[PDB]
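Listed below are the residues making up each chain.
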Amino acid sequence: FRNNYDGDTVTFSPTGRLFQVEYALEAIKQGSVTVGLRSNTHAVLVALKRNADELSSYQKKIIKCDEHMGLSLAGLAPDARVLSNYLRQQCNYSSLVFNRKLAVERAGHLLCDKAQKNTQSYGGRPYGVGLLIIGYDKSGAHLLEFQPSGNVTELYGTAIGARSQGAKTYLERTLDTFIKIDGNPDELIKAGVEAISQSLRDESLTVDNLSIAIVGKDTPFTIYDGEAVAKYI
Amino acid sequence: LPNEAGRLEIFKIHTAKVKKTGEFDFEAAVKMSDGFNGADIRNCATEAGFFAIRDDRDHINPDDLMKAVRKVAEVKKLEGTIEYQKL
Amino acid sequence: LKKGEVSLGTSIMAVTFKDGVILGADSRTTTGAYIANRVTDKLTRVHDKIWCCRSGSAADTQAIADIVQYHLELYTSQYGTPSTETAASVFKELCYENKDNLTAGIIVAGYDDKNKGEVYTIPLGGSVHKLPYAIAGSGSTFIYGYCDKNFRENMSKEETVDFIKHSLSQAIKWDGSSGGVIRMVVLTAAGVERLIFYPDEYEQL
Amino acid sequence: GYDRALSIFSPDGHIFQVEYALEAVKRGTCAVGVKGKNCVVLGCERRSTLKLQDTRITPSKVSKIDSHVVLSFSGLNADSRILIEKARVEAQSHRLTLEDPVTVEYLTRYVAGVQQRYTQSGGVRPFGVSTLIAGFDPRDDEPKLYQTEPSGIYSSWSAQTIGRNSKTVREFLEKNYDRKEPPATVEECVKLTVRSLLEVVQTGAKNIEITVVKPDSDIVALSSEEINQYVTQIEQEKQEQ
Amino acid sequence: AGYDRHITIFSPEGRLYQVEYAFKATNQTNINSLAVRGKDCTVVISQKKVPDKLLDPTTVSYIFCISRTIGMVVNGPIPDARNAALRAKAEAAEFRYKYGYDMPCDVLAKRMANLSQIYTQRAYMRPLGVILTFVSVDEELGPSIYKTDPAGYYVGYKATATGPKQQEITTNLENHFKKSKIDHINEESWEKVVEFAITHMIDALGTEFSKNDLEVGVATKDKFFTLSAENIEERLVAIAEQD
Amino acid sequence: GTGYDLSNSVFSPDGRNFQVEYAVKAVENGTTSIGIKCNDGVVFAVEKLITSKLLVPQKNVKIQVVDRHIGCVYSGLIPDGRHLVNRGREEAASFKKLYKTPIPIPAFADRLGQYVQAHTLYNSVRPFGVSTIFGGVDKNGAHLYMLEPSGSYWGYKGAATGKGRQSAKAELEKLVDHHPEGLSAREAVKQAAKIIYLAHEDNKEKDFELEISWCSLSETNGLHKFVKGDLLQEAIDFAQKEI
Amino acid sequence: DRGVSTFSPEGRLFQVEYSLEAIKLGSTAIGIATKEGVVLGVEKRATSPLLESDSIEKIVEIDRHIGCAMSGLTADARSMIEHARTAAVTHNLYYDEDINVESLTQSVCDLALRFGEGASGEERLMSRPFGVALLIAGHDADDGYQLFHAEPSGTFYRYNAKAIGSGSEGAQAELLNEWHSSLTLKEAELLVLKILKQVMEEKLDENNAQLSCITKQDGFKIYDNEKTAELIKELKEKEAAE
Amino acid sequence: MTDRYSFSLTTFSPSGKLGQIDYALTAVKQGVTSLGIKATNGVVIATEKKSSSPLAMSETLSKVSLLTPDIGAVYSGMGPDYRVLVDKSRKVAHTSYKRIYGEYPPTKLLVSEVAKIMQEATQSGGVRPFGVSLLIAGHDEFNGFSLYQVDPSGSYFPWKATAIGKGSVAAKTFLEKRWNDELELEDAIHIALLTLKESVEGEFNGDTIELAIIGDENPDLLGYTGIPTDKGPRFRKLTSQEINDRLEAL
Amino acid sequence: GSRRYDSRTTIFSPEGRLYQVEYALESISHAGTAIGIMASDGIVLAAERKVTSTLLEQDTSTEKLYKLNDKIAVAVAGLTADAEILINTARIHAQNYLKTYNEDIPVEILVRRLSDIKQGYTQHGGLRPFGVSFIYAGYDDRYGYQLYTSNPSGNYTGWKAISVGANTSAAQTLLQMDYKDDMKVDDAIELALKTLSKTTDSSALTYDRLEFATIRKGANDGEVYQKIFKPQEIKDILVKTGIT
């Protein structure tokens, strides 16, 4: 492995792949684990926070954009702050110029244009942090999954992080459950708790480890930290 | 390499002993041939026989021919344009 | 409009009809005390099938008309035969940003096998619109009454020439800034035909 | 221009463009200096291989940045001219901006701070020269001697040397010189520098240049005959003792 | 130091490695074409090869029109062919607005050659893998053909050609000029010049083409046009009748 | 030497490029897409492979429409496919600003053509490893083009590339012999769904999705929109009847 | 021999991984954040007896109520403090208040990974990321005393007791059982010196170690050499008990 | 972005020289050999036209260009970068002199400007040195007739007569004994023909040899009359028929 | 990528030196030999051209010598191509001091401004340093007659007798023992003629392969006279000194 063919960002592999995209993709799988889901009138985002010491705090994995939308990061933390600045800039751009809130569908296309410029030009690098875009508009709740290459696909729910792909088993069997649940935000939050619990091995969910942010029609985006999520454990 | 006029008689050589339908046109495979040779048409006649086995056809239809003619043009990776010794 | 700049003015007009469109202009160039060039021509060819006149400041139109030839050369070779709507749009963008520095009148007309002839006039503001007949310049200020009353839709070749010949004659005798020989161009399916008159002809009508 | 980076972290955690640049100082002329209570003395040697070099027309090895403070470096002479010119312009720029005479503390952190830029600036290489800034602050008689390393780290020293045979002189200045009781006279500060140059210059005269720094913007450069006067008095007390 | 062959630099043999491979890129498509100078005009012919039936014959062409007075034919891959095509059209427009009247043939071949010389000297740009061949009729020197090499060296030719068989095709056009001792075809009509170059191309390649197998450009004085399928097929009718 | 396949501008000893050839292999690793050209207009169709049940049905639109008259479908890397339309979107906006009326189909192909050519001329950027199929109804007739990673393109009566390129595009040859005179726009929608299932033999291992969009002057009259309502479900039963 | 943006097979940048290893190559900085104040300390590590105590200053002052310490290579630290004081003092002009300690850490850590060669979209000129580790401390009117850590990787955590440099392993684990939420300001001063004495080559004195303090009233204050010597004499009585 | 190569392709070799300019001189001997001879009444330079194709036209190929009306130039080999240097030389000669001093620069000052462009290619990055070697020959009001040799490394040297190319070894030695102090313009032409004829292994005629001579000021080459100050340009290009007249003259 | 083709022109070697600068110093030994001499009443400069023959033009040429000022001369030993870049910028910087301060520029200021150019490429720019060396000699009323030299590295020191080019250490050996402080202008010429004759690769020594430009002071004090010896005056001093 290491650098043979695609070590230069402008080089293509003989197998038709890109190792630089694969290198940054593996950064998400080795990062912090997070899950998510959504319903017709609501969307639930659950993230797990870790650290290197018990005395140390837990860096927030959920970044707020506006009142109607939010996101989460799995990967290198400072790389998501740069992408979050471009997303929040488009939220205020459409608010000042177009007097409208940034739609989730249009936010994925604008976010894809930022990552494709660094991959197609030497001197830059793709962001190795994932972004799960949640929000609500007149159409409904939408969830997106960001990759280091910039692929954007709308999903009911997914998970990115350490042992996150194995936690999708609970989301597949319950896929027909939470999509039909409307007006019950408490049950939708508890659905994401059982999904992330499948990836727990060493430590379980605690007060400071559990971070849940829900968004909906009548309820704006709100980050619940500390003892706010203690009742949903 | 046999040109379009040279290959025109070659398609009938490899397909001479091969049974087919009554309606046949070899001028279609002439334009489909890109930088081929006299032997590669035998490959086109060989692949056309196996395409009719799955459909239970003893005679090779003209549609199965054009699929086998391009099959050589799909594979490629034979180079063949690197010989400059023509004089 | 500064002081000491050459301005064409006079009268330029075009009238569409069934078999094509025929334009016209005079040869006189006058700024305020003096007739500078009476043998000149205000007709400019941006394309074989598309003609453009020049009114107002002389150099303001001559510079813009040459830039359009630079754009249509890249438009014709890279794409194909130009149309009347596309050629008139190039004059608009050049006069829109340069409106402060470059202010002049422009009338664009061409021939087509589908829509036949079309006349697009650009006033000093820079806008472009579609009209069956359009006049511009200082000489045309007095012909508004004659051109609107006797205008007819889908005329013949003989009626189109007599309509413009009698219209430009009123712009000459009544306005000293316009005059000279009448230069006209004919656009039909056969090709481009040139037509010129003399002061000893139309003045006797 | 040239946008490609040069300094790169080694897998051990160090930087190649730094450590390899420090070898240029160890291969240059040794610059030793000491400071007393009322005076500061900066010694410097020259190249003993080259001859027929007129002292008057040759630029002095000790560059004067300001009336009250000078600079005596050791290292690459190509990278030293960049630091000397930019330090003197800032000396006048500080008098223009703040209307204050420069201080030895501000001059050292500036030169060391500028070196931190080239190490962090892509397209340029760090300086391969180490400068020694010594002088007196305005309205202050306290001696100030600061070392400026090519890596950007600066520190104050009572007696410190750089260049070739540095570890030999450093071990001599620790036992012979005491930081708790520095000499209060100028003559004792000059003889101390000469004793450190006997193990490097190795019986030479015209290759030794000693610069005396005194407060109140007073600088007296010892001539060729004045330097050899202190050498004779030390040699008589060396072999006989 | 194996990177010396990957860019354009002075070689230990005194040559350029990347320039040698630029001429080899024109033989990838294997398209043979030639151009001859008539009396009052110039007619260029090219072999039209369509690999798949899904291609529109009207869209596929190896002959591009730079301006009304100048035609162009290019050999080799189309992406490098159309790259210099739009660059040549821009130079023809800048010469009309800024400099003067319409551009002649020699100026267009010289400016495009000097443009490739800058790309060849500078190491961050690769040279074009095609060959620019311009045909037109000047108002002073008359008919002229200038073939621009990818190395940036332009030189005038009497009757030129292109492709891997060019050396076999050149012998046909060369032996005709040695016996008659003429530098151009004496036929005044441009119709006989079209059938002239087609006759020597069929006998050289030993292949009878069709209406869709050839594209014949015709450059007259101050006019240029491309023959359609009916015009090319009409020329092949009189060839079989005479010979 | 060694390393001719490393950077872009380095030519191969035979006059080709390795990075261009490596970008072709990335086209066959993505979802396949087909196309059908008719007299009134063109028909676009793409088969989107569904990974797991987490995908939301018919909420994902892969075809990015340029203005109202140009649809664009691509087979290859998704990030590289969106950058071509975003670049062509600015070219269409810059054209309509100065040039008034919208850009036709054969004119829009030159903007994407030269833009990909510039990426092959620099070592600091990489070529697009995605093949974009675009078309629509222009001012005269209709045209269809398929942009290859090498920048080579021509007029196509049909265009298909992807995992089923050897299958789906091979069935386009039977469509020409089926309707040599012409094909209606409504019938081409049902024929496009059948071609997806004919090449589905390699896609049977996963879940698929059918997205069809067409534009012509018979019904939409210069409007490129996806197929919805009972028209989409009608083409599914007709295509699955022969499967 | 590669670009600074090249990713390692582990999914990280080579400039980021090798920058963390440069922390142990320098001195050791230890600090403890309590409810009554934050006690910070560093180690000068004098290689020669002629080095002045005022020479190497590893504890600077960003604000009266906000202070930080450095460890490892101090070349990259001086540049960050110039930008740290820029993002702080200028922020006072904008909002007419004191900048948050956590908010100031974000502005400083964002300047690490912005390096590159020919960065598209804007002008960013940096050769290498900062290879220095900074412990950011301060006090506000809401969250209280907090002690952060600025890593070269662009991430920061809030540590109650943190030991960086050469003591990031052995000296870090010793603060787990010696820390308590009720630890006062006076007892925290003797606890830091107790760790610094065992991890130092020679005996602990005021010349080889410099400690500071951050309170609500007095704010950032540096202990005097006479004040430090009084705490060292009291430490010897605590070492010998039973 | 644009180009990411800012470094110079020319580096110092461990042998103490530059590898690019060393192989640049070798490439000059890989192509057609030019020459020139300076006399008291003028400077005579000559070259050979090597046609890559037998159907090529030698009239459209001009190996002797004109920088200033009083100064000619000739190169060796195919001259790939020769067109770039001449286009950049004609601009800097008129801008720095004709557009400032109002008159054309002399021979010594023009060769310094031509070498000024070539010396930047060996230092400024992103470009490679010029693999061509020119010859600057002209006449002024002070130095008189002078011929300078332009090396591909960027250095220029004055020479009475020299020949550089594939036959530069034998042709340069033969011109040592054939040159003296007193020579005419037509007498120096026979010197160029005897040396060049031995170096031509192909067809020998007037179409394959371009002979450029610098004589007095010719009023016929001027184009206007009535001004006694300007009598016309000194540089003159001989036609195909005039060159063949002196070929049989040997 | 551009990192592979980059040869890393300026980098610190494990020995602590620069690769391109170390190799550029060898290029001086492959060029002509320039030897300056500073006398009491003037300064005598000597130089020898490389690759000379009968076809060379001896009428007006100077390869190794130029004039940057009326009171200041220069000796060029090294690559001629890289020399004209620093020589053209020398007269520009010399006149800028004369355009502003309205006085003649000394040698010390002229050299340090030109040395910073050579020091610039050795630091930034990613380019190669100038492989040509210069010897600057001029007159000034401050320090008197000044004789300096430069190096590709951009350093300058004071020299009474300097020798650069081929056989650097071979020429400096004879110049050290034969140098005197009372040596006049006429005696300084004989020192350069005997040195260049024994250090060359040929048998005899002619006047076509040598170049001499001195600085003479007339009867009026305060202003010197720059005089470049013509080939007619070079062959005359060879007979009077016995060199022939």
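Residues numbered from 1 in each chain as written, not as in the entry; some residues may be left out. Chains lettered and ligands numbered in written order. Part of a larger assembly, values for the part shown. Heavy atoms only, no water.

With the PDB entry as reference, chain C is termed Proteasome subunit beta type-1, source organism Saccharomyces cerevisiae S288c. In its PDB record the entry is named "Yeast proteasome in resting state (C1-a)". The Catalytic activity comment attached to chain C in UniProt states, word for word, "Cleavage of peptide bonds with very broad specificity." (UniProt positions renumbered as here; feature names shortened; annotations may be inferred.)

By the naming in the PDB entry, chain A goes by Proteasome subunit alpha type-6 and is assigned to Saccharomyces cerevisiae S288c.

Colleague: How would you sum up the overall build of chain C? Please name residues and give values.
Modeller: Within chain C, the secondary structure is distributed over 5 helices and 12 strands. For chain C, the spread of C-alpha atoms along the three principal axes comes to 50 × 45 × 25 Å. Taken across its 205 residues, chain C has 52% of its residues classed as buried. Once local pairs closer than 6 in sequence are excluded, the contacts in chain C between residues at least 24 apart make up 61%. When the accessible surface of chain C is summed, it comes to about 9,900 Å², and 49% of that surface belongs to carbon and sulfur atoms. Taken together, the 21 basic and 25 acidic charged side chains of chain C have centroids lying 2 Å from each other. (Helix = DSSP H or I, 4+ residues; strand = E, 2+ residues; numbered from the N terminus. Buried < 20%, exposed > 50% of the residue type's maximum accessible area, 1.4 Å probe, protein only. Contact = heavy atoms within 4.5 Å. Areas by Shrake-Rupley, 256 points an atom, 1.4 Å probe, with all protein chains shown as cover. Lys, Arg positive; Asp, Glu negative; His and termini not counted. Charge placed at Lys NZ, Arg CZ, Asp CG, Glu CD.)

Colleague: Before we move on, could you go through the UniProt feature "active site" in chain C and cite the residues and values that matter?
Modeller: Residues and elements named next belong to chain C. The UniProt record annotates "active site" at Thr-10. Within the element layout of this structure, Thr-10 appears in the segment before β1 (12-16). We classify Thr-10 as buried; its relative accessible area is 0%. Look past the residues within four positions of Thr-10 in its chain and what remains in contact with it is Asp-26, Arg-28, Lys-42, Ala-136, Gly-137, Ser-138, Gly-139, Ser-140, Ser-177 and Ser-178.

Colleague: Outline the interface of chain B and chain E, supporting the account with residue identities and numerical values.
Modeller: Across the boundary between the two partners, chain B contributes 14 residues, which contact 14 residues of chain E. Both faces combined, the contact of chain B with chain E buries some 1,200 Å², and carbon together with sulfur accounts for 43% of it. When the shortest N-O distance is used, the salt bridge between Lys-49 of chain E and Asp-34 of chain B registers 3.3 Å. Counting every contact that joins chain B to chain E gives 4 residue pairs in polar contact. At 3 residues, helix α2 (residues 27-32) of chain B tops the list of elements feeding residues into the side of chain B that touches chain E. (Buried area = accessible area lost by both parts, 1.4 Å probe. Salt bridge = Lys/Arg side-chain N within 4 Å of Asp/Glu carboxyl O. Polar contact = N/O pair within 3.5 Å; in protein donor to acceptor, adjacent residues only side chain to side chain.)

Colleague: Would you mind going over helix α3 (residues 104-120) of chain D in detail, with residue names and values included?
Modeller: Across its 17 residues, α3 of chain D extends 24 Å between first and last C-alpha, which sits within 8% of the 24 Å expected from 1.5 Å per residue. Along α3 of chain D, the positions that sit buried rather than exposed are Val-104, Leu-107, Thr-108, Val-111, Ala-112, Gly-113, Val-114, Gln-115, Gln-116, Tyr-118, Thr-119 and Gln-120 of chain D. (Expected span 1.5 Å × (residues − 1).)

Colleague: Which residues make up the arrangement of the chains, and what values do they have?
Modeller: In this assembly chain A lies apart from chain B, the nearest approach of their C-alpha atoms being 13 Å. You won't find any contact between chain D and chain F; their C-alpha atoms come no closer than 13 Å.

Colleague: Can you tell me about the environment of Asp-53 of chain A, naming the residues and giving the values?
Modeller: Checked against the element boundaries, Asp-53 of chain A lands in the loop between β2 (42-48) and β3 (62-66). Distance in space between the C-alpha atoms of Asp-53 of chain A and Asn-92 of chain A is 38 Å, their sequence separation being 39 residues. Apart from residues lying up to four places away in sequence, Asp-53 of chain A is in contact with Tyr-159, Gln-172 and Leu-176 of chain G. A distance of 3.4 Å separates a polar side-chain atom of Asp-53 of chain A from the backbone nitrogen of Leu-55 of chain A.

Colleague: Quick one: what's the story with the pairing of strand β1 (residues 29-33) of chain G, residue by residue and with numbers?
Modeller: For a regular strand, side chains alternate in direction, first toward one face of the sheet and then toward the other. All names here are of chain G. Here β1 lies mainly inside the structure; 5 of its 5 residues are buried. Of the two faces of β1, both are covered, the one formed by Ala-29, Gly-31 and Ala-33 as well as the one formed by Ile-30 and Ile-32. Taken together, the 4 bridges between β1 and strand β2 (residues 38-43) define a ladder with antiparallel strand orientation. Considered in β2, the bridge of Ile-30 is made with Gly-41. Between β1 and β2, which pair antiparallel in sequence order, lie 4 residues. (Pairing = 2+ DSSP bridges.)

Colleague: Report on a nonpolar patch on the surface, specifying residues and quantitative values.
Modeller: Taken together, the side chains of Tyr-93, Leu-96, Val-97 and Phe-98 of chain A make up a nonpolar region of the molecular surface, amounting to roughly 460 Å² of accessible area. Overall, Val-97 of chain A belongs to the exposed group, its relative accessible area being 53%. (Patch = residues over 30% accessible without salt bridge, like charges linked within 9 Å, V, L, I, M, F, W, Y side chains within 5 Å.)

Colleague: Outline the pattern of salt bridges, supporting the account with residue identities and numerical values.
Modeller: In the structure shown here, the tally under the stated rule is 72 salt bridges over all chains. For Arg-96 of chain E, the salt bridge goes to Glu-73 of chain C, with nearest N and O atoms at 2.4 Å. Within this pair, whereas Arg-96 of chain E is found in helix α2 (residues 78-99), its partner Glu-73 of chain C is found in helix α1 (residues 58-78), the two belonging to separate chains. Look at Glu-73 of chain C and you get buried, because its relative accessible area is 7%.

Colleague: Now, about the interface of chain H and chain I: what can you tell me, with residues and values included?
Modeller: Of the residues lining the interface, 34 residues belong to chain H; the matching set on chain I comes to 34 residues. With both sides pooled, the region where chain H packs onto chain I buries about 3,100 Å², and carbon together with sulfur makes up 59% of that total. Ranking the residues of chain H by area buried against chain I places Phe-7, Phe-12 and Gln-123 of chain H at the top, with a combined share of 25%. Between chain H and chain I we count 1 salt bridge in total.

Colleague: Break down the packing of aromatic side chains for me, citing the residues and quoting the values.
Modeller: How two aromatic rings sit relative to each other is given by the distance of their centres and the angle of their planes. Counted by the stated rule, this structure contains 36 aromatic pairs over all chains. Considering the side-chain rings of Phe-16 of chain D and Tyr-20 of chain D, the 5.9 Å spacing of their centres and the 25 degrees angle between planes classify their relative orientation as stacked. One end of the pair is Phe-16 of chain D and the other is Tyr-20 of chain D, both in helix α1 (residues 16-26) and 4 residues apart, which spans about a single turn. Residue class for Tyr-20 of chain D comes out partly exposed when judged on its relative accessible area of 27%. Ring centres 5.4 Å apart and planes at 85 degrees place the aromatic pair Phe-108 of chain F and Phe-134 of chain F in the edge-to-face group. With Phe-108 of chain F in helix α3 (residues 105-120) and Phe-134 of chain F in strand β4 (residues 131-136), this pair connects stretches of sequence that are 26 residues apart. For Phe-108 of chain F, a relative accessible area of 0% gives the class buried. Ring pairs connect the aromatic residues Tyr-75 and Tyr-79 of chain C together with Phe-95 and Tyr-99 of chain F, which therefore count as one cluster. When the ring centre of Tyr-17 of chain E is taken as origin, the NZ or CZ atom of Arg-5 of chain E, which lies over that ring, is 4.2 Å away. For the cation-ring pair, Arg-82 of chain E lies above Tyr-153 of chain F, with the distance from its terminal atom to the ring centre recorded as 4.8 Å. (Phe/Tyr/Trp six-rings, centres within 6.5 Å; stacked < 30°, edge-to-face > 60°. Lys NZ or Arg CZ within 6 Å of the ring centre and 35° of its normal.)

Colleague: Describe the pairing of strand β2 (residues 21-26) of chain C, naming the residues involved and giving the relevant values.
Modeller: Residues and elements named next belong to chain C. Of all 6 residues in β2, 6 are buried, a share of seventy percent or more. By the alternation rule, side chains of β2 split into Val-21, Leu-23 and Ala-25 and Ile-22, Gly-24 and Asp-26, which are all buried. As defined by bridge partners, β1 adjoins β2 across 5 bridges and the pair is classed as antiparallel. Bridge pairing in β2 places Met-13 opposite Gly-24. Sheet analysis places β2 next to strand β11 (residues 182-187), joined by 6 bridges and oriented antiparallel. By the bridge assignment for β11, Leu-23 is matched with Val-185.

Colleague: Describe the sheet that holds strand β9 (residues 129-131) of chain C, naming the residues involved and giving the relevant values.
Modeller: Residues and elements named next belong to chain C. Spatially, β5-β6-β7-β8-β9 is the arrangement adopted by the 5 strands of the open sheet, whose pairing is antiparallel. Lying at the two open borders of the sheet, with one neighbouring strand each, are β5 (44-47) and β9. With strand direction ignored, the average angle separating the axes of adjacent strands in the sheet is 30 degrees. (Axes fitted to C-alpha atoms, helices over the stretch in contact; angles between N-to-C directions.)

Colleague: Summarise the packing of helix α3 (residues 104-119) of chain A against helix α2 (residues 78-99) of chain F; cite the residues concerned and give the values.
Modeller: It is at 10 Å that the axes of α3 of chain A and α2 of chain F come closest, and there the two elements cross at 100 degrees. Put simply, α3 of chain A runs roughly perpendicular to α2 of chain F. Contact residues: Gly-108, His-109, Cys-112, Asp-113 and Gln-116 of chain A in α3 of chain A; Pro-79, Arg-82, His-83 and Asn-86 of chain F in α2 of chain F. Across the contact of α3 of chain A with α2 of chain F, the residue classes break down as 2 nonpolar, 5 polar and 2 charged. (Parallel < 35°, antiparallel > 145°, perpendicular 65-115°, else oblique. Nonpolar A, V, L, I, M, F, W, Y, C, P; charged D, E, K, R; others polar.)

Colleague: Which residues make up the packing of α2 of chain F against α3 of chain F, and what values do they have?
Modeller: The packing of two helices is summarised by the inter-axis angle and the distance between the axes. All names here are of chain F. Between α2 and α3, whose axes approach to 10 Å, the crossing angle comes to 125 degrees. One element, α2, and the other, α3, form an angle in the oblique class. Here α2 runs over α3; the crossing is right-handed. Here α2 contributes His-83, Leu-84, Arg-87, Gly-88 and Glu-91 to the contact with α3, which in turn contributes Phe-108, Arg-111, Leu-112, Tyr-115 and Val-116. Each residue belonging to the contact of α2 with α3 can be placed in one class, and the counts come to 5 nonpolar, 2 polar and 3 charged. (Left-handed = near helix turned anticlockwise from the far one by under 90°.)

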